[PDB]
Each structure stands twice: as structure tokens, then as C-alpha cells.
Amino acid sequence: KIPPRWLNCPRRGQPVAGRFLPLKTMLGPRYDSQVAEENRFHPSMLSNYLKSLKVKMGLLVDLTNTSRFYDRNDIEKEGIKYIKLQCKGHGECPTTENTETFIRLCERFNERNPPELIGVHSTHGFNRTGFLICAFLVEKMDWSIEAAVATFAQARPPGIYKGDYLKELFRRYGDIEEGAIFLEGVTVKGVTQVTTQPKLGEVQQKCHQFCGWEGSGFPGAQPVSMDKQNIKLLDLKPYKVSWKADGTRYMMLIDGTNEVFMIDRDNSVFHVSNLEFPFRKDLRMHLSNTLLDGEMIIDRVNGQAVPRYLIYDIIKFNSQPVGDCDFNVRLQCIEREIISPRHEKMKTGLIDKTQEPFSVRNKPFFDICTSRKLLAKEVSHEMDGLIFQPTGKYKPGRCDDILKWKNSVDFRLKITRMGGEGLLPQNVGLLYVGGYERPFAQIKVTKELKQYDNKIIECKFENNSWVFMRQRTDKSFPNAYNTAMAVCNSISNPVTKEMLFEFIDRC
Amino acid sequence: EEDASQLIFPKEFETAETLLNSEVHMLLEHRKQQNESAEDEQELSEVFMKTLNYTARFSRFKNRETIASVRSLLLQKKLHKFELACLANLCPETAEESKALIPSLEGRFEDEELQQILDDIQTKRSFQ
Amino acid sequence: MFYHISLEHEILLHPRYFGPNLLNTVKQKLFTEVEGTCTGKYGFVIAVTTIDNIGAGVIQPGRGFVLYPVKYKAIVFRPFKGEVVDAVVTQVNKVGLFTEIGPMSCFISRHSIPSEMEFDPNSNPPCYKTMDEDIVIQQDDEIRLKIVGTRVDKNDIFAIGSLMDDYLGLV
RNA sequence: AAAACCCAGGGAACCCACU
């Protein structure tokens with residue numbers, strides 16, 4: 001796959017003398033999943049804009065010996081001539097071997113696609129991409145023998161460069177002598193991400209201590225998606241549920257009067273200012289060494305989006321291991337030690353609900369088989385999911401007893417006339433995802449589908465194939481191959497409110 | 001190696017037969033019409049409609065009867081297929097222009113007869 | 001020149017696509033696989049006029065598909081060396097002239113363009129014109145060009161025109 | 001560094017067996 005610093009990162013250097021592109025290489029859909037978006041670099045990105053950006057170069061040459069960077073078929077499909085070179089990496093600069101033949105071949109291209117330019121590309125695009133450009137410019141672009149050697153820097157600034165290449169370049173062609181978003185959609189006043197390492201690491205380590213978590217990252221309990229096997233767990237032990245609403249998982253660590261922090265699935269830490277958590281006995285002293293688990297959800301009431309935090313579990317309360325107790329006891333502790341003191345001081349006017357950044361509440365909970373009523377389903381559309389908590393004590397990490405219940409993949413659609421050998425060439429919209437360049441799905445291409453070509457689109461499994469749910473152009477890249485595996489189970493089991501409601505209802 | 005200015009052709013294009021811009025236009029229009037019918041058939045190639053529009057823009061004989069009249073008029077004179085097709089396509093108006101555009105017509109016909117042929121072409125040119 | 005010739009090509013049929021109607025499948029295959037193609041010997045395969053002959057189907061020994069030698073009338077075009085051809089101007093450049101002949105792009109460089117026929121980017125369309133402003137060759141014009149040479153690359157042919165000889169330029 | 005070890009890159013001469 002891709003090593004660290006697989007790419008230097010500046011995606012494309014400007015053309016040397018407005019003639020030769022000083023770029024490099026790979027990061028196709030297969031490597032999109034393991035790469036950051038600014039780092040992300042598809043042939044499409046250098047190209048979908050290129051057709052009208054006047055960046056539409058007609059020759060592409062791959063200098064690095066390894067072919068692991070990306071598939072060369074797309075470049076030919078783009079119409080850019082895909083060429084590859086065997087310039088050794090590891091700090092090897094060429095000496096007219098695989099270079100002089102290329103230079104004449106490159107000269108042959110000069111007119112092979114003339115309105116178009118050339119694309120030369122070494123491992124990082126500086127280790128001989130310039131040396132080859134410098135070599136050719138001296139040969140045909142009449143660039144000064146010493147100056148052409150330095151010309152690559154003008155268009156592709158070297159940054160990390162290779163001295164070994166410069167010495168051979170100088171000698172052969174002249175003289176060697178020369179992100180963290182708290183709540184997406186609504187901004188909350190007083191919530192500030194903490195980037196200071198002394199406090200960030202301290203909060204992370206204290207959360208790990210309070211959770212008793214082995215590894216690094218999020219210490220939280222991670223529920224699992226159900227199959228026909230997980231349903232068996234009814235007859236072994238009781239359960240308790242609340243409704244999963246579309247929100248972000250957050251743990252609040254109460255360490256003092258102003259020591260309130262947010263911890264998400266990415267382990268990022270934010271600081272909340274104006275939240276006050278009184279102690280039930282003395283309302284003047286504020287809670288410390290308290291760890292809560294909950295979700296941050298946007299709730300629209302009276303046409304206004306009110307951020308809310310629903311507390312559905314407690315891990316630590318004043319260093320007391322409440323997480324080791326029963327879940328009912330933990331819910332009662334949540335109630336009496338969190339919700340009641342805050343409302344108690346709110347009634348006296350010492351805590352103003354308007355001045356706090358967001359509301360604090362506890363999620364209501366139910367059970368095993370009975371209260372079927374919502375599956376006479378009145379809120380059948382308002383149900384996005386449901387969260388399953390057993391009666392046992394809290395356990396971090398992956399929990400096979402804690403279940404998560406919840407169209408739907410971005411697709412790199414490629415409409416291709418797949419040409420079978422000895423077969424009628426057949427046009428088909430190949431559907432593939434990041435990490436899976438191989439098309440998991442191939443769909444009959446309607447002319448209406450043919451309006452969108454090479455388009456990232458959300459697809460709804462209308463039939464066995466997924467008709468586009470939406471044009472998910474907003475997702476620049478298609479989702480991971482594993483997300484396709486995840487929906488390969490998710491849209492394979494019909495997962496319904498009538499299926500789980502009783503199951504979340506009785507005991 | 002090849003030069004049609006003095007009618008040097010490769011051995012492959014010895015039995016070849018030339019066509020007009022209008023003949024090619026009408027053939028391509030008929031093929032487009034049969035493509036409109038006969039469903040479960042994809043669209044034709046880019047070269048297809050490219051040449052179709054190219055020969056529709058430069059069409060000079062709007063009638064198939066005009067095509068037949070031009071052929072029945074031009075075939076009985078001693079002309080090569082390339083020279084005949086080029087004369088009927090470019091449609092020159094002066095014998096000097098016809099001889100300059102096609103340098104292989106030098107002495108094939110008398111300049112007065114050549115001008116009479118050009119006048120006939122202009123007479124049967126479907127004006128727009 | 002636009003030519004009407006007979007060409008021989010072999011079509012390969014998998015048994016999966018035999019079907020009840022077999023010859024129509026071969027006709028569709030031929031109408032797809034040669035159309036829009038270009039050969040260095042016969043030029044642009046413009047269109048297939050009429051499928052003339054279908055040869056005997058020799059099944060390849062050991063391997064599954066059958067082989068059909070097919071003779072068919074085809075409309076073709078191949079650029080020549082030394083002929084004046086009508087063209088449509090697609091772009092005027094300080095280096096050359098981008099012209100079009102059907103599907104073929106032709107590049108008329110300025111050194112092969114006479115000295116009077118100068119380039120001016122100051123005009124709203126970048127165009128070629130003389131100092132007398134009589135002959136103005138600009139975007140989307142109908143001109144005539146003198147084909148000097150043709151180059152084939154990636155299975156298609158592009159050519160180079162010139163205006164040295166007399167009666168060359170705007171119609 | 002797709003470390004897809006998707007699993008040899010040695011040859012020559014001699015001897016010994018089995019049919």
C-alpha cells in the first residue's frame with residue numbers, strides 16, 4: 001500500500017517554462033481511504049478540472065520504478081498518453097539510460113498531442129522529475145546547460161531534494177561544479193477545543209484511568225450491529241434501551257468548577273466553560289472526578305435548533321466506581337447526582353438556563369418485549385436508531401452485549417463500454433468505492449444515468465443494484481471498501497422498527 | 001511516395017470508388033435514420049456524426065436527382081475518379097482555377113471544354 | 001478523399017452470444033468495432049455501407065469462439081499529401097492554425113503561412129489577417145488548405161497544412 | 001517496499017537402484 005509521506009503533498013507543481021509539468025504520483029481510489037483529503041490526489045482531481053482549466057496535458061510519464069502508486073488505465077481513458085519509466089528510487093539519478101530513449105520518445109510526443117503539454121513524475125516529483133526535465137530542456141528546449149539544471153526548482157520548488165541527482169544533472173548536461181468540529185450544523189458558545197498538550201494528555205490519561213481502558217484512543221464502550229444471532233440474547237439476561245438520535249458521542253469529565261471537557265470518538269478534547277454541576281449535599285461545591293457518557297444531538301424546538309446532551313450512562317462519580325454497579329443504579333445516580341442539583345439551583349436563580357451553552361438531560365430508558373405501541377406507529381419516520389444497554393456493569397471497548405441499531409454509500413461511478421473479447425462491447429456504469437477500485441457493483445446505464453459520468457453519488461439499493469439515492473457530489477471521494485462491506489451487511493439484512501421495538505420495550 | 005497532384009496512388013486504392021459530399025451526406029443520413037429505428041442499438045461513433053455534419057455543411061447538391069444528373073453528365077468524359085470527384089466537390093468557376101486546384105487536369109481537356117464543364121457544374125449546383 | 005471501398009475483417013463470436021438470430025449479432029459487432037476507427041493504411045473508417053459477404057465460420061480448434069471473415073462496403077477517408085481540402089478553422093494561434101476536416105485536426109504552423117497573413121491577438125477573436133484587412137481567417141471560417149504531411153499517433157491521423165501556393169486561404 | 005516468498009532460478013559429470 002502507501003508508506004508514510006507516500007507523497008511530498010504539494011499535489012502539482014506549476015509547468016517549467018510553461019511547457020513541462022513538474023508533478024509525481026499516486027493516490028488512486030484504492031489509496032483514497034488511507035489518505036487525508038488535502039493529501040488525497042486522484043487522477044480525476046488533477047484532471048476533472050484539467051479539461052477546462054487549460055491544465056489538460058496530453059502526456060503522462062511515471063518515473064518511479066514501482067507501479068504501486070495507481071492504475072495507468074485511467075490516464076489512457078483520460079486521453080493523456082500513459083507512459084511509465086524505470087528511474088530507480090532509493091537515491092538513484094539516471095545517466096541517459098532509460099532517459100535518452102525517453103528524451104527522443106518525449107520529443108516524438110511533443111507533436112503526438114501538441115496543444116497538450118508533458119507530465120514527468122518521479123517518486124516525490126523532485127527526485128529526477130526535474131533532472132529529466134532539466135536534461136530534455138537542455139537537449140531540445142535550449143534551456144541554458146547550467147540554468148536548465150536549476151530550472152526545475154523555478155517551477156517545482158525542491159523542498160526536500162536529492163544532491164546525488166543534482167551532481168549527475170549538473171555533470172551530464174553542463175558542469176557538475178554548479179478536523180475537530182464540536183457540533184456540526186450549530187455553533188455552541190463557550191465550547192473550545194484544547195490543543196495544549198499538557199492539558200490534552202492529562203485529560204486523555206485521566207479518562208483512560210477512570211475507564212480502565214487498555215489501549216489508546218477512545219476508551220468508550222462500542223456497541224455492535226445486530227444480526228440474527230444477537231437476537232438470542234433476550235433469553236439470557238435483561239436489557240435496557242433508549243433512542244439513538246443522529247448525534248456525536250461525547251464523554252464529559254467533571255474535574256472542577258471550570259474543568260469540564262468533551263471527548264469524542266476521535267479522542268479530541270474540547271473545553272466547556274459555563275456548565276456548572278452542583279454536589280447534591282452542598283450546592284456551593286462543584287463536582288470533581290466525575291465521568292459521564294452521552295450523546296450531543298441537535299434538537300429543533302419552536303423552530304430553533306437547541307443543542308442538547310443526553311446522559312445515558314455514568315462511569316465515575318467523585319472517584320466512586322459507580323460504573324461497576326448495576327445499570328439501574330447508575331441511572332438513578334445520574335438522576336439524583338446530576339439532574340436534581342442543577343434544577344435545584346436553577347429554581348433558586350443561581351444557575352441560569354439561558355447562560356449555559358447547552359441543555360443537560362438524561363436519556364429515558366426501556367426494556368425487553370412489551371411496550372410495542374410505537375411500531376399504531378406514530379413516530380415511525382422520526383426513529384433513526386436505538387441504543388441497547390444490558391443490566392450488567394460498564395465495560396469499555398467493544399461490547400458484544402451492548403448492541404447498536406441503525407442508502408447508503410458514496411460511489412465513484414465510472415460509465416464504461418466494457419469490451420468483452422469476442423463479445424459485443426457493452427456500456428456499463430461500474431460502481432466502485434474507495435479502497436475497492438474493483439467494481440463491487442456494476443449497473444445497467446440509463447441515458448439519464450449517463451448525464452452523470454465519473455460522479456460521486458449516494459446510491460439506494462432500490463433493487464439488488466443500488467439506484468442513486470442522491471448525487472452525493474458533496475462527498476469528493478467514494479466511501480471506504482469496508483463501508484461497502486458494512487452496507488454489504490447493513491442493506492442485506494432488512495432492519496426494521498417493528499423488528500426491534502418490543503425487543504427494546506418490556507422488562 | 002503518393003501524390004494525387006499527378007495521380008500517384010498506392011496499389012490498394014486502384015479499384016476504389018469515390019463519392020461526393022452530398023452522396024456521403026445522404027448515405028449517412030439514411031444510416032442515422034436506420035439507427036433511429038432498429039432499437040437495442042447504441043449510438044454510432046464520434047467520427048460518424050462528425051463527418052455527417054462536415055459533409056452537410058459543405059453539401060452542394062441538395063437533390064439525389066441532381067446527383068444522378070451530375071454523374072450522367074460527368075462519367076462519359078475521360079476523367080479519372082479522383083479528378084471527377086474533386087471537380088464536382090470543389091466546384092470551381094474558372095478554368096484557371098480548375099487547373100490550379102487540380103494540376104493533373106493539364107491538357108486532359110481543352111480549356112474551352114473545361115470551362116463549359118465548369119459552367120455546367122455551376123448550372124446544376126443547388127444554390128442556397 | 002472520401003472513398004467507397006470493400007474491406008475484409010474477421011469477427012469473433014462467443015457461443016454465449018449465438019442466440020436465435022446469429023447474423024444480426026455479427027452485423028452489430030461489425031457496425032461497432034470498425035466504426036470510428038482509423039488505420040495507417042486505409043485512413044479513417046468513416047462508415048460501413050453494406051455488409052457484402054459473410055464467410056464460413058471456422059471454429060478455432062480447442063478454443064470456443066467461431067471466426068467469421070466478412071467482406072463489406074465501407075465509406076472511408078484518408079488524408080493525402082499535396083491536395084487542397086476545405087476545412088473549418090477551430091483556433092488561430094501565434095504558433096500555428098488549428099483547422100478541422102471532418103474528424104481530423106490539422107495544424108497549419110505560421111512559418112508555413114505567408115508573411116502578409118499575420119496574427120493579431122488584439123482583435124476580440126484571436127485571428128489571422130493582413131495589413132489591408134481583406135483576408136481575415138478567424139474562428140469558424142470556411143478555408144482551403146494545402147496538406148503537406150500527415151502523422152498517425154494512437155490510431156488516428158493528424159495532418160499539417162500550408163498556404164504557400166496560390167489560391168489558399170479564405171474561400 | 002503491492003516484504004502478493006501468487007512458495008525453487010543453479011547447472012554439469014558420475015554412481016546406484018526400479019521397468
# chains A, B, ... in the order shown; residues from 1 in each chain; ligands from 1
call {"tool": "residues_around", "arguments": {"residues": "residue 24 (chain B)", "least_positions_apart": "5", "cutoff": "9 Å", "atoms": "only C-alpha atoms (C1' of nucleotides)", "output": "ChimeraX atom specification"}}
result
/B:19,29,51-52,55-56 /C:2,75
call {"tool": "select_by_dssp", "arguments": {"residues": "region 2-164 of chain C", "states": "strand (DSSP E or B)", "output": "ChimeraX atom specification"}}
result
/C:2-13,38-39,43-54,58-59,66-77,84-92,97-101,104-107,118-120,127-129,136-137,142-152,157-162
call {"tool": "closest_atom_pairs", "arguments": {"of": "chain B", "to": "chain C", "cutoff": "10 Å", "atoms": "only C-alpha atoms", "output": "CSV"}}
result
residue,atom,partner,partner_atom,distance
B:1,CA,C:81,CA,8.9
B:2,CA,C:81,CA,6.8
B:3,CA,C:81,CA,5.9
B:4,CA,C:82,CA,6.9
B:5,CA,C:82,CA,6.5
B:6,CA,C:82,CA,9.7
B:9,CA,C:80,CA,9.5
B:10,CA,C:41,CA,9.7
B:12,CA,C:42,CA,8.5
B:13,CA,C:5,CA,8.3
B:14,CA,C:5,CA,9.9
B:15,CA,C:5,CA,7.7
B:16,CA,C:5,CA,5.3
B:17,CA,C:4,CA,5.1
B:18,CA,C:3,CA,4.7
B:19,CA,C:2,CA,6.0
B:20,CA,C:2,CA,7.5
B:21,CA,C:2,CA,7.9
B:24,CA,C:75,CA,7.9
B:27,CA,C:49,CA,7.8
B:28,CA,C:47,CA,7.8
B:31,CA,C:49,CA,8.5
B:41,CA,C:28,CA,7.8
B:42,CA,C:32,CA,8.8
B:43,CA,C:32,CA,9.3
B:44,CA,C:35,CA,7.4
B:45,CA,C:36,CA,5.1
B:46,CA,C:36,CA,6.4
B:47,CA,C:36,CA,5.0
B:48,CA,C:46,CA,6.1
B:49,CA,C:102,CA,9.0
B:50,CA,C:102,CA,5.6
B:51,CA,C:102,CA,4.7
B:52,CA,C:102,CA,8.1
B:53,CA,C:102,CA,7.8
B:54,CA,C:102,CA,5.2
B:55,CA,C:102,CA,7.8
B:57,CA,C:142,CA,9.9
B:58,CA,C:86,CA,8.5
B:82,CA,C:1,CA,8.2
B:85,CA,C:1,CA,9.1
B:86,CA,C:1,CA,8.8
B:89,CA,C:86,CA,9.7
B:90,CA,C:86,CA,8.1
B:97,CA,C:167,CA,8.2
B:100,CA,C:166,CA,8.0
B:101,CA,C:84,CA,6.8
B:102,CA,C:83,CA,8.2
B:103,CA,C:83,CA,9.8
call {"tool": "interface_residues", "arguments": {"of": "chain A", "to": "chain D", "cutoff": "12 Å", "atoms": "only C-alpha atoms (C1' of nucleotides)", "output": "PyMOL selection string"}}
result
chain A and resi 1-4+6+30-31+65-70+89-90
call {"tool": "interface_residues", "arguments": {"of": "chain A", "to": "chain B", "cutoff": "12 Å", "atoms": "only C-alpha atoms", "output": "count of residues only"}}
result
8
call {"tool": "select_by_dssp", "arguments": {"residues": "chain B", "states": "alpha helix (DSSP H)", "output": "PyMOL selection string"}}
result
chain B and resi 21-36+46-57+64-74+81-90+95-101+111-124
call {"tool": "atom_distance", "arguments": {"atom1": "CA of residue 272 (chain A)", "atom2": "CA of residue 191 (chain A)"}}
result
4.6 Å
call {"tool": "atom_distance", "arguments": {"atom1": "CA of residue 13 (chain C)", "atom2": "CA of residue 54 (chain C)"}}
result
12.9 Å
call {"tool": "closest_atom_pairs", "arguments": {"of": "chain A", "to": "chain C", "cutoff": "9 Å", "atoms": "only C-alpha atoms", "output": "CSV"}}
result
residue,atom,partner,partner_atom,distance
A:81,CA,C:154,CA,8.6
A:109,CA,C:153,CA,8.9
A:112,CA,C:153,CA,6.0
A:113,CA,C:153,CA,8.4
A:421,CA,C:12,CA,8.2
A:422,CA,C:12,CA,4.8
A:423,CA,C:14,CA,6.2
A:424,CA,C:29,CA,6.0
A:425,CA,C:32,CA,8.0
call {"tool": "residues_around", "arguments": {"residues": "residue 274 (chain A)", "least_positions_apart": "2", "cutoff": "7 Å", "atoms": "only C-alpha atoms (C1' of nucleotides)", "output": "list in words"}}
result
residues 190, 272, 276, 356 and 357 of chain A
call {"tool": "atom_distance", "arguments": {"atom1": "CA of residue 101 (chain A)", "atom2": "CA of residue 16 (chain A)"}}
result
21.0 Å
call {"tool": "residues_around", "arguments": {"residues": "residue 89 (chain C)", "least_positions_apart": "2", "cutoff": "9 Å", "atoms": "only C-alpha atoms (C1' of nucleotides)", "output": "list in words"}}
result
residues 87, 91, 92, 97, 98, 99, 100, 137, 138, 139, 140, 141, 142 and 143 of chain C
call {"tool": "residues_around", "arguments": {"residues": "region 130-136 of chain C", "least_positions_apart": "2", "cutoff": "6 Å", "atoms": "only C-alpha atoms (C1' of nucleotides)", "output": "ChimeraX atom specification"}}
result
/C:116-118,128
call {"tool": "decode", "arguments": {"residues": "chain D", "atoms": "C-alpha atoms (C1' of nucleotides)", "output": "PDB file, in the first residue's frame"}}
result
ATOM      1  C1'   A D   1       8.970  -1.676  -0.295  1.00  0.00           C
ATOM      2  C1'   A D   2       1.724  -4.430  -3.596  1.00  0.00           C
ATOM      3  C1'   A D   3       8.374  -7.875   2.030  1.00  0.00           C
ATOM      4  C1'   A D   4       1.364 -10.869  -3.278  1.00  0.00           C
ATOM      5  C1'   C D   5       8.159 -15.756  -0.766  1.00  0.00           C
ATOM      6  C1'   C D   6       0.571 -15.803  -6.103  1.00  0.00           C
ATOM      7  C1'   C D   7       6.087 -20.527  -2.144  1.00  0.00           C
ATOM      8  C1'   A D   8      12.622 -23.435  -6.228  1.00  0.00           C
ATOM      9  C1'   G D   9      16.031 -19.694 -10.676  1.00  0.00           C
ATOM     10  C1'   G D  10      21.901 -23.198 -10.155  1.00  0.00           C
ATOM     11  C1'   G D  11      23.983 -26.130 -13.729  1.00  0.00           C
ATOM     12  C1'   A D  12      27.442 -30.210 -15.225  1.00  0.00           C
ATOM     13  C1'   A D  13      29.580 -35.088 -14.597  1.00  0.00           C
ATOM     14  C1'   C D  14      29.370 -39.795 -12.163  1.00  0.00           C
ATOM     15  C1'   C D  15      27.257 -43.892  -9.485  1.00  0.00           C
ATOM     16  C1'   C D  16      23.060 -46.706  -7.690  1.00  0.00           C
ATOM     17  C1'   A D  17      18.605 -48.735  -7.885  1.00  0.00           C
ATOM     18  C1'   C D  18      13.180 -49.959 -10.392  1.00  0.00           C
ATOM     19  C1'   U D  19      10.530 -51.437 -15.548  1.00  0.00           C
TER      20        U D  19
END
